[PDB]
């Protein structure tokens, strides 16, 4: 005795699922001391200070949230530091850098794989280099973002530091 109006009927379902994705991000405000010797292709001194307030995960509310107590605590710990302690060459293209990373006041020694993308004298006769530091740190090791379960946010942070640099004067 009834006939459905398909134009105003909806046979609907709703089902929850999980999706995995990477959060990519950088920092706009940072400083570094770079001492490198092009004769032997080894680093002598690499010191980075990164201004935590300047994260950019390309998402305004996430970057605001990263400042808070359950993450960086930028109020109390404005910046994170890396200090090279030891470089050990493999060849002119690859090496193993070891330094101290300090995130929100806790320090640990890490290794980065250094890869020299290019070493050169420029048009103006002054040196230029291009290299990348890559490595993996554990949030647990720094007791970072303790209250977020490693299920939701992976314990592994992947570090990828691409840098070009020019000779100082």
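Numbering follows the first chain given and starts at 1.
- Judged by mean Cα B factor in the deposited record, 120-128 ranks above the other of 120-128 and 28-36.
- In this crystal structure, the stretch out of 45-53 and 58-66 whose C-alpha atoms carry the higher mean B factor is 58-66.
- Placement of the Cα temperature factor of residue 145 within the chain: lowest third of the modelled residues, per the deposited record.
- Among the modelled residues of the chain, residue 161 sits in the middle third by CA temperature factor in this PDB entry.
- In the PDB entry, a CA B factor belonging to the highest third of its chain's modelled residues is recorded for residue 23.
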